[PDB]
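Q: Below is the structure I would like to discuss, written out as structure tokens.
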Amino acid sequence: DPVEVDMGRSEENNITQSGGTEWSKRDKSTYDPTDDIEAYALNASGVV
Amino acid sequence: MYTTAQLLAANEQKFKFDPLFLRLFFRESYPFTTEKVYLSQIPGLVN
Amino acid sequence: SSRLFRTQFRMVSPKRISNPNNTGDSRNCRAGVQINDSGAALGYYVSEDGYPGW
Amino acid sequence: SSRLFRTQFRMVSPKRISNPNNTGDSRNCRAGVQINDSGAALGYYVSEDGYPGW
């Protein structure tokens, strides 16, 4: 039978890039992904 | 009634909190034995 | 290990030893002193030097 | 090198010992007496004579 395992992962830890800023909607030369990775790591509840 | 569950370690869910202000700029501290306090700021401009 | 003797002393004021968080006093816990059933002292809850009191 | 001993002594008034720039008291810098965590004195912020007051 199907058995469910839900760790309780809050959904904001499962970010999708959908919108107008996925990764390719920015120039490779100009943009810096450091801001995005910092924003993602903001809500982590622990040192990454 | 007869499940006999076994408990593992639970989380703690700490809070991201580091002052930097009550440890950087506010090194000084005082009590109040009076109802109010006074602050003096005297400008010095000599001619 | 610079000295041949590793023993050093430190005085403790009576105010420095008290019940943590100024809580109540149970049978085994009285004023920051943990004792057995018969009353023999076992452990102490010494408060750190709170000077200045901030 | 005029003497076999180059060691001298100077007494200091407590009025010459205080927090630099009249700064407030802290956990370790108390009355210009920088101390360790254990409380043992480590350094002193000595100030010269205030007289003459220029």
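As shown in the structure tokens, the chain order sets the letters A, B, ...; within each chain, residues go from 1, and ligands are also counted from 1 in the order they appear.
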So that I can check the surroundings of stretch 12-20 of chain D, please list as number ranges by chain every protein, DNA and RNA residue that reaches within 8 Å of it, counting only C-alpha atoms and ignoring chain neighbours fewer than 3 positions away.

A: D: 23-25, 29-33, 44-49

Q: Taking only C-alpha atoms into account, what are the residues of chain B at most 10 Å from chain A, put as a CSV table (one decimal) with N, CA, C and O atoms, in the first residue's frame?

A:
chain,number,residue,atom,x,y,z
B,13,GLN,N,15.2,24.0,16.2
B,13,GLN,CA,14.7,25.1,15.4
B,13,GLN,C,15.2,26.5,16.1
B,13,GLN,O,14.4,27.2,16.6
B,14,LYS,N,16.5,26.7,16.0
B,14,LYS,CA,17.1,27.8,16.6
B,14,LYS,C,16.6,29.1,15.8
B,14,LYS,O,16.0,29.0,14.8
B,15,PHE,N,17.0,30.2,16.3
B,15,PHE,CA,16.6,31.5,15.8
B,15,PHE,C,17.9,32.3,15.3
B,15,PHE,O,18.8,32.4,16.1
B,16,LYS,N,17.9,32.8,14.1
B,16,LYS,CA,19.0,33.5,13.6
B,16,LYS,C,19.0,34.9,14.3
B,16,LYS,O,18.2,35.8,14.0

Q: Out of B:17, B:30, B:10, B:25, which residue has the shortest atom-to-atom distance to chain C when counting only C-alpha atoms?

A: B:30

Q: Would you list which chain D residues are within 10 Å of chain C using only C-alpha atoms, as a PyMOL selection string?

A: chain D and resi 25-28+30+38-39

Q: Write out, as a PDB file, in the first residue's frame, the residues just selected, with N, CA and C atoms.

A:
ATOM      1  N   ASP D  25      32.343  52.096  32.197  1.00  0.00           N
ATOM      2  CA  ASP D  25      32.814  50.805  32.674  1.00  0.00           C
ATOM      3  C   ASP D  25      32.352  49.690  31.745  1.00  0.00           C
ATOM      4  N   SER D  26      33.175  48.651  31.628  1.00  0.00           N
ATOM      5  CA  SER D  26      32.856  47.475  30.832  1.00  0.00           C
ATOM      6  C   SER D  26      33.075  46.229  31.679  1.00  0.00           C
ATOM      7  N   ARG D  27      32.886  45.063  31.059  1.00  0.00           N
ATOM      8  CA  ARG D  27      33.039  43.812  31.792  1.00  0.00           C
ATOM      9  C   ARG D  27      34.480  43.586  32.234  1.00  0.00           C
ATOM     10  N   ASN D  28      35.453  43.920  31.385  1.00  0.00           N
ATOM     11  CA  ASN D  28      36.856  43.685  31.686  1.00  0.00           C
ATOM     12  C   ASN D  28      37.660  44.959  31.883  1.00  0.00           C
ATOM     13  N   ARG D  30      37.625  47.908  33.705  1.00  0.00           N
ATOM     14  CA  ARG D  30      37.013  48.557  34.858  1.00  0.00           C
ATOM     15  C   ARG D  30      38.020  49.518  35.470  1.00  0.00           C
ATOM     16  N   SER D  38      39.149  35.460  34.359  1.00  0.00           N
ATOM     17  CA  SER D  38      39.247  35.012  35.742  1.00  0.00           C
ATOM     18  C   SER D  38      39.282  36.163  36.735  1.00  0.00           C
ATOM     19  N   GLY D  39      39.498  37.392  36.272  1.00  0.00           N
ATOM     20  CA  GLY D  39      39.536  38.550  37.136  1.00  0.00           C
ATOM     21  C   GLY D  39      40.922  39.066  37.449  1.00  0.00           C
TER      22      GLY D  39
END

Q: Using only C-alpha atoms, determine which residues of chain B fall within 7 Å of chain D; present them as a PyMOL selection string.

A: chain B and resi 27-29

Q: At what distance in Å, to one decimal, does atom CA of residue A:10 lie from atom CA of residue B:8?

A: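 Separating atom CA of residue B:8 from atom CA of residue A:10 is a distance of 20.5 Å.
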
Q: Give me, please, the distance in Å between atom CA of residue A:22 and atom CA of residue A:41, quoted to one decimal.

A: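 We find that atom CA of residue A:22 and atom CA of residue A:41 lie 16.8 Å from each other.
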
Q: Record the distance separating atom CA of residue B:11 and atom CA of residue A:6, expressed in Å with one decimal.

A: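 Between atom CA of residue B:11 and atom CA of residue A:6 the gap works out to 14.8 Å.
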
Q: Name the residues of chain C that fall into strand (DSSP E) according to DSSP on the backbone, using the chain letters and numbers of this document, as a ChimeraX atom specification.

A: /C:29-30,33-35,41-44

Q: If we count only C-alpha atoms and set the cut-off at 12 Å, which residues sit around residue A:33, ignoring sequence neighbours fewer than 5 positions away in its own chain? Please answer as a ChimeraX atom specification.

A: /A:21-24,26-28,38-40
